[PDB]
2 protein chains.
Amino acid sequence: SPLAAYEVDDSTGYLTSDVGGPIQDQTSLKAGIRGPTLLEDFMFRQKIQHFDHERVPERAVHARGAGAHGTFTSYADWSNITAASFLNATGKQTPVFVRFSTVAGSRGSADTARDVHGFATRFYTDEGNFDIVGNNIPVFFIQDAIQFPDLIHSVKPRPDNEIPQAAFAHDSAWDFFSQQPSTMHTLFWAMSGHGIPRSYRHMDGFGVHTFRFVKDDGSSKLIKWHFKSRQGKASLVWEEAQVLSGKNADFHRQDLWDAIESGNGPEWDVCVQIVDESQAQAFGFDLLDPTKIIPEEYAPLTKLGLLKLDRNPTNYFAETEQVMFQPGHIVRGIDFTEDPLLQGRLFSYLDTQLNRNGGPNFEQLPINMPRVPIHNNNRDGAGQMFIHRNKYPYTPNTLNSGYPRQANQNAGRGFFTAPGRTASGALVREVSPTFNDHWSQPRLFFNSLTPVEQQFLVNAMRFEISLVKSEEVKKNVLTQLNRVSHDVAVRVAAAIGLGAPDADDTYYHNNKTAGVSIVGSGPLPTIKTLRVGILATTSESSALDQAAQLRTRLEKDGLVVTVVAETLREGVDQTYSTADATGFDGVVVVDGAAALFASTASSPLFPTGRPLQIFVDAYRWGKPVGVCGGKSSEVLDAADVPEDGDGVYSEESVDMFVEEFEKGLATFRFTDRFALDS
Amino acid sequence: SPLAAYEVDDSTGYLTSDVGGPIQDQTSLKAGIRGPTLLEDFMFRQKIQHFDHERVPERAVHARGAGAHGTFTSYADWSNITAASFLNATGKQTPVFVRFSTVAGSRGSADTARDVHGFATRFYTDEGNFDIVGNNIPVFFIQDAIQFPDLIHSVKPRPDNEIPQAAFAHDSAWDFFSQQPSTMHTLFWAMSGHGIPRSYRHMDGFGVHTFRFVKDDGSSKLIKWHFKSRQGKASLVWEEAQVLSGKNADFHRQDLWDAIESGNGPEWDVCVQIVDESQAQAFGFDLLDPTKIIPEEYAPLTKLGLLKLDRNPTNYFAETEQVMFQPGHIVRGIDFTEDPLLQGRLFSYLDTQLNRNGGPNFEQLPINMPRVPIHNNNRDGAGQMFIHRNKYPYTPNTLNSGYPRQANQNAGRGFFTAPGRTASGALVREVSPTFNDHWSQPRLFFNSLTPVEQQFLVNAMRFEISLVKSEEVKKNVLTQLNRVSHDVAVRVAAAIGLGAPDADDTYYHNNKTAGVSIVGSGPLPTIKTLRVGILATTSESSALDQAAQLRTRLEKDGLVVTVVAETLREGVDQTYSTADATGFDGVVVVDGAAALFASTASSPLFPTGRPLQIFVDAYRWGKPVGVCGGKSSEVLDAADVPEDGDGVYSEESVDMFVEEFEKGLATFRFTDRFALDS
Ligand code: HEM
Ligand code: HEM
Ligand SMILES: [Ca+2]
Ligand SMILES: [Ca+2]
Ligand SMILES: [Ca+2]
Ligand SMILES: [Ca+2]
Ligand SMILES: [Ca+2]
């Protein structure tokens with residue numbers, strides 16, 4: 001409904017050309033029944049011309065993603081810190097569109113690659129469109145926008161053969177990281193669980209840069225944007241992400257679509273850290289440096305409002321593929337800072353839409369339109385939709401009585417640059433020495449992870465680095481890792497055949513910061529939408545009965561239940577042949593199906609050992625697993641799963657099973673199942 | 001070579017702009033060292049503009065693919081059957097470029113999706129570029145080019161949410177196949193192992209359409225192109241293909257690249273079936289219908305020459321992404337037929353290149369250039385790279401002395417339409433009744449597969465169709481399947497909880513045809529490039545010695561050997577953490593590593609049970625597997641793998657192990673390991 005005016009219905013009627021002439025489109029016009037096709041067949045050509053031109057260039061980065069519509073609602077009148085109109089009253093609602101994404105892969109690459117992720121939000125405000133073009137990691141790899149193509153060429157596939165897809169699994173990416181140590185912070189983030197989130201709904205959004213909030217009186221404060229998930233933070237484990245990439249490349253986009261269709265649209269509290277202009281260098285780093293966070297211990301979050309996504313697109317291409325974000329889409333009340341990464345973005349996003357749209361009128365696409373009137377003297381250009389009535393589109397004029405009028409701080413609610421901003425000094429292509437500590441914050445982030453989480457990050461490093469051919473590059477990588485943590489360097493080095501360099505303690509410290517760990521962020525606040533696979537059998541009507549019973553108990557609490565069996569029928573959603581543990585957040589075997597549970601289990605209907613392997617994989621990957629009905633030994637012993645294990649459940653009673661199992665879903669992952677380096 | 005002149009060497013020198021001005025590109029120009037970026041920074045803007053515009057539209061279909069250069073060599077002077085110059089002398093060599101692809105997936109989609117595959121070959125002939133734009137399956141889904149957008153919309157992701165990336169795993173695709181029964185032949189091919197080829201090198205190429213060979217005397221014959229692999233035919237198994245999609249999305253592009261680098265460039269015999277014009281309707285179907293094969297029993301293959309691919313591109317984007325094939329790239333000695341699918345293709349490929357290139361001068365890209373002089377009156381257009389001297393580009397002229405001269409059948413070796421061709425009848429948008437048997441050949445194909453191959457095809461259909469939500473679509477699928485084979489329909493129906501319709505014997509028959517089965521095609525003629533994984537341990541110096549002695553022997557037979565252990569070091573190529581059975585065509589455990597091979601082991605260096613799961617997966621997927629080093633069947637017992645099994649090896653002596661295992665690699669798959677229906 002927000003784009004309802006542009007909708008085209010085809011639920012009735014006869015086929016027409018694009019100019020409304022009724023036509024057919026199923027057989028070519030030929031010179032005889034077995035003859036050649038005629039050039040005069042305009043039906044053919046118009047249809048095939050359209051087909052032939054359907055594709056547009058993918059985004060230069062973040063090509064793989066998915067989007068949805070929603071609403072933002074303000075918690076207060078924030079005129080005490082910003083003139084921004086969308087934040088000017090308690091309860092004030094503004095429509096939004098959000099696109100989530102990975103970064104490196106092309107538009108058909110898997111959701112569950114290890115990567116940084118995008119979180120781009122458009123507020124269609126009553127004073128113009130405002131975009132916050134963020135990521136799920138609060139810091140960036142580089143400190144100057146001019147370096148963006150260097151970073152992106154290095155992580156994207158090698159350009160002789162376009163291998164590999166899979167940003168971290170090759171020499172060039174680690175060459176760049178080891179030569180450009182600014183990269184360490186974001187690298188450590190991407191090697192954590194934040195690189196493989198469980199869903200777009202279980203990750204946060206960050207503006208990354210310091211921005212300014214500007215009041216109507218001209219005064220300014222420095223801010224960081226934080227969109228804090230109300231679904232909780234959660235990750236995949238790496239092996240699971242790898243399997244999912246193959247079994248369901250669409251996993252994150254489907255998770256989002258489904259959550260919305262079920263009335264479980266995801267929410268975030270939109271927050272800021274707010275600090276004075278005089279605290280630009282007060283926190284031990286420079287707020288212009290996008291490789292640093294402000295620890296929450298120095299600057300707490302202020303909740304500004306609620307973001308909720310609750311309506312899927314009607315046409316993906318028209319809405320999600322064509323949405324064209326820009327940090328240049330700014331509104332009165334907000335300003336830029338002199339972060340050199342942000343500064344250059346402002347150029348990039350206006351220019352790149354020429355590439356994608358093929359012409360200058362991209363703001364006229366329905367998804368890009370504002371929801372207020374446009375008054376300016378921009379004209380013409382390919383694809384111009386507007387029929388402008390003002391035949392004197394110049395300023396200054398008298399022949400249009402001086403309209404449109406100039407808007408500025410003092411009239412017309414113009415945008416204005418924060419008037420306290422200044423520049424001083426030589427015109428330079430020099431990096432500020434205040435940017436030079438590339439290692440302290442990576443150590444702060446590492447120190448804030450739990451032991452098992454540190455292990456997972458080491459293990460991701462071990463996995464990726466071991467795929468680098470060049471022994472020199474590997475050596476250079478350990479030089480940098482060792483500046484963050486000697487222990488990381490040692491542990492990584494052990495997997496890859498090299499010695500770590502001697503400890504260099506210049507940047508070592510034991511400080512920690514809250515709110516960055518996933519494993520430490522406690523049980524999820526809600527288990528609605530989480531997936532429970534019930535493994536049953538058609539060979540015992542009792543097993544189906546148990547499955548049906550469990551289904552109703554689980555569905556009542558908003559879990560999404562899949563009953564698996566050998567073949568489909570009423571009440572069974574999925575065959576063993578298609579099922580996989582990656583499909584579930586928890587796995588329950590009904591004891592009527594215990595006979596299936598052997599690695600022995602053979603059938604033309606599924607691969608040998610499949611039922612058991614679903615259970616075993618679930619267990620190995622940390623998930624809650626159990627057996628419902630009272631008889632658990634045969635299944636559990638076949639799986640080599642201990643009955644007294646944490647997150648392993650066995651009960652006859654369905655109610656008591658479900659009560660226990662739902663606590664395990666909230667815990668989400670049983671990290672005691674993963675080995676630690678000693 | 002038009003490509004050698006445009007190669008750019010950046011191995012030395014200072015950075016310049018695109019107009020040769022030396023510059024830097026690492027720091028933006030700023031007003032002071034913590035200041036805003038300046039608009040006058042041309043270094044910044046030229047770099048970022050280029051980045052911002054790097055991407056071009058992907059191909060409308062066959063977006064995912066990979067290419068190589070090579071040579072075609074004629075085996076004879078074929079002037080007795082065609083005027084074509086590249087085929088006019090024994091030993092005549094012509095440069096080629098080939099791109100292979102899937103069909104439905106975008107860029108970045110995995111190579112090992114179930115799909116039809118492209119095999120497009122450019123012959124840079126001495127009489128112009130000649131393209132054969134083929135597929136690895138000899139028949140196409142539809143019988144008229146006007147239906148292409150219908151087919152492609154139906155198999156591409158649902159356009160509200162762009163889900164799913166798997167072409168056959170959704171309702172719309174099956175809706176289309178069940179409403180458009182022409183699709184049955186290609187559908188059966190795609191559900192066979194030809195949907196998941198082991199590599200590009202292990203599949204054939206087909207022109208699909210009937211074409212004409214035209215002699216210099218104007219006479220013509222009807223032909224089908226067959227490019228027959230000299231590597232042998234081979235497939236993946238489905239579960240393996242799904243895992244590979246996640247573990248290595250680049251699997252086929254890497255396989256090809258690596259084969260060429262190692263001097264094992266792939267080969268095909270370029271063959272034709274040749275039949276007289278009078279046989280258009282002699283074989284029980286119409287040669288204008290691209291849903292039908294001519295059985296080899298009725299028309300044998302004649303070998304024309306050798307295709308070999310032996311040089312990789314220098315820059316993927318410039319060469320592989322930018323190659324623009326067209327069936328309109330035809331040469332004297334070849335002509336079209338009135339196949340309504342081919343007829344419309346001729347329009348599409350010229351038009352769609354305007355989309356991809358953004359302008360009309362795409363034939364000037366080096367990869368698209370010919371190898372002979374161009375003489376015509378085409379002029380101007382965006383991106384015009386030539387400086388034409390002739391200032392009277394019109395015919396007829398006297399001001400340029402009547403040049404260029406018209407070329408035709410008599411003068412100048414012109415292309416000419418086969419002079420025997422005629423048309424007669426009304427101008428109609430009607431399908432020929434001779435196209436109406438949509439079911440007999442699908443059954444011929446199915447009858448030709450071996451029993452376990454028929455099971456694989458049933459199982460693929462069971463898998464995909466079980467993912468269709470609509471019970472009606474499922475019913476309608478069964479209706480069509482049942483017209484090809486009641487048994488297929490019964491066996492598919494059993495997996496999806498419907499009953500099959502009663503037998504309809506109109507199109508049933510028991511005929512078979514040679515050369516279409518993969519499982520039946522016998523051992524591979526070469527094992528060069530095949531991958532052997534040797535699972536070892538760093539714990540035991542015996543294990544590493546055993547792996548080295550095995551390696552050195554296998555490597556001499558052209559096998560690619562990977563030694564896997566817990567960590568890298570001398571002699572060890574890959575860690576258990578990154579290893580997968582999908583990485584290998586055969587797996588060996590050295591008996592010194594026996595202690596790793598339990599469902600436990602446990603280590604922070606790899607996931608629990610990973611060593612044994614590599615071996616177990618390899619066995620379940622049909623691969624030759626064994627233990628080298630004697631007396632130990634502790635490994636075979638932990639894996640539940642029977643020592644007496646075909647393709648299971650156990651030998652103390654490295655030489656007897658290598659002799660046996662090398663036979664197993666040629667056999668390739670041990671299909672006794674897969675269960676059949678009852
Ligand atoms: C803080 C750093 C950055 C963040 C958080 C970020 C975020 C993102 C996001 C989320 C998208 C996808 C938006 C959508 O979903 O359509 C994107 C696209 C893109 N970004 Fe960035 N970005 C960063 C830095 C850079 C820099 C430094 C440049 C260039 C100098 C750049 C150039 C682009 C380009 C060209 C696109 C494609 C835009 C399109 O086609 O509409 N970004 N960015
Ligand atoms: C016998 C049936 C067909 C075969 C074997 C076939 C084969 C292929 C191949 C191999 C490619 C990829 C070439 C490359 O690697 O760049 C391709 C691309 C394409 N085909 Fe077809 N095709 C068939 C039918 C059709 C039909 C009926 C149409 C349209 C009416 C069509 C339109 C296209 C388009 C638009 C492209 C993209 C070409 C480009 O951007 O360069 N094809 N085809
Ligand atoms: Ca590389
Ligand atoms: Ca984690
Ligand atoms: Ca254009
Ligand atoms: Ca669908
Ligand atoms: Ca002619």
Side-chain angles (χ1 to χ4, degrees), chain A residues 27-29 31-37 44 48 51-53 55 57-58 105-109 144 146 149 161-165 239 242-243 245-246 249-250 254 257 316 338 340 343 348 351-352 355 423-425 429-430 432 463 466 495-497 567-569 575 577 602 604 607 640 675 677, chain B residues 27-29 31-37 44 48 51-53 55 57-58 105-109 144 146 149 161-165 239 242-243 245-246 249-250 254 257 316 338 340 343 348 351-352 355 423-425 429-430 432 463 466 495-497 567-569 575 577 599 602 604 607 675 677:
Chain A
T27 307
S28 292
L29 182 65
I33 190 69
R34 294 180 66 256
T37 298
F44 173 86
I48 299 309
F51 176 79
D52 292 339
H53 293 258
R55 303 294 173 267
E58 74 184 26
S106 282
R107 73 180 314 280
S109 62
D144 187 321
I146 207 175
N161 58 15
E162 199 180 62
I163 299 175
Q165 181 180 92
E239 181 180 28
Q242 295 214 279
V243 172
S245 293
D250 307 302
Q254 183 89 68
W257 195 81
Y316 180 99
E338 300 71 12
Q343 286 279 307
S348 179
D351 170 52
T352 204
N355 196 57
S424 202
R429 291 179 163 90
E430 288 176 6
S432 179
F463 183 98
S466 74
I496 65 184
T567 64
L568 302 182
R569 45 183 73 170
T575 64
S577 185
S602 176
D640 206 24
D677 287 328
Chain B
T27 314
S28 293
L29 181 70
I33 202 160
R34 291 180 69 258
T37 302
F44 171 91
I48 298 303
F51 175 80
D52 292 342
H53 292 258
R55 302 296 170 266
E58 76 185 20
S106 281
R107 294 171 71 227
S109 67
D144 191 317
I146 206 172
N161 57 17
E162 199 183 69
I163 303 172
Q165 189 181 93
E239 187 185 15
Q242 293 215 281
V243 170
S245 301
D250 310 303
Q254 190 177 216
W257 194 83
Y316 182 103
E338 297 77 3
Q343 289 277 312
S348 183
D351 174 48
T352 198
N355 197 59
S424 194
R429 285 178 170 93
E430 298 170 357
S432 176
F463 183 101
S466 72
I496 62 181
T567 58
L568 302 182
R569 68 172 60 175
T575 65
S577 183
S599 304
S602 188
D677 285 326

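All values below come from the heavy atoms of this structure, side chains included, with hydrogens, waters and symmetry mates left out. Per chain, numbering begins at 1; letters A, B, ... match sequence-line order.
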If I take atom [atom1] from residue [X] and atom [atom2] from residue [Y], how far apart are they, to the nearest 0.5 angstrom?
X        : Y        : atom1 : atom2 : answer
A:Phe51  : B:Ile146 : CZ    : CD1   : 13.5 Å
A:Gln165 : B:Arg107 : CD    : CZ    : 10.0 Å
A:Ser432 : B:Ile33  : OG    : CD1   : 5.0 Å
B:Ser466 : A:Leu568 : OG    : CG    : 5.5 Å
B:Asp351 : A:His53  : CG    : NE2   : 3.5 Å

Between [X] and chain B, with a heavy-atom cut-off of 4.5 Å, which part of the residue counts as in contact: side chain, backbone, both or neither?
X        : answer
A:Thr575 : side chain
A:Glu239 : side chain
A:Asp144 : side chain
A:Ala495 : both

Notebook entry, point to check: Are B:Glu58 and A:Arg55 close enough that some pair of their side-chain heavy atoms sits under 4.5 Å apart?
Noted result: yes

Margin query: Shorter than 4.5 Å, heavy atoms on both sides: which option in B:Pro149, B:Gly32, B:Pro57 has the most such pairs with chain A?
Written below: B:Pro57

Item checked: Option in A:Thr567, A:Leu29, A:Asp640 with maximal non-hydrogen atom pairs under 4.5 Å from chain B -> A:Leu29

Nearest non-hydrogen partners of [X] and [Y], listed with the distance:
X        : Y        : answer
A:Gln254 : B:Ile163 : OE1-CG2, 3.2 Å
A:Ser602 : B:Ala675 : OG-CB, 4.2 Å
A:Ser348 : B:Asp52  : OG-OD1, 2.9 Å
A:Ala423 : B:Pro36  : CB-CD, 4.1 Å

Next item on the list: For B:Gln343 and A:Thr37, indicate whether the former's side chain and the latter's backbone hold a donor-acceptor pair under 3.5 Å.
Entry: yes

Item checked: Contact class of B:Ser577 relative to chain A, heavy atoms under 4.5 angstrom ->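 B:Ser577 touches chain A through backbone and side-chain heavy atoms alike.
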
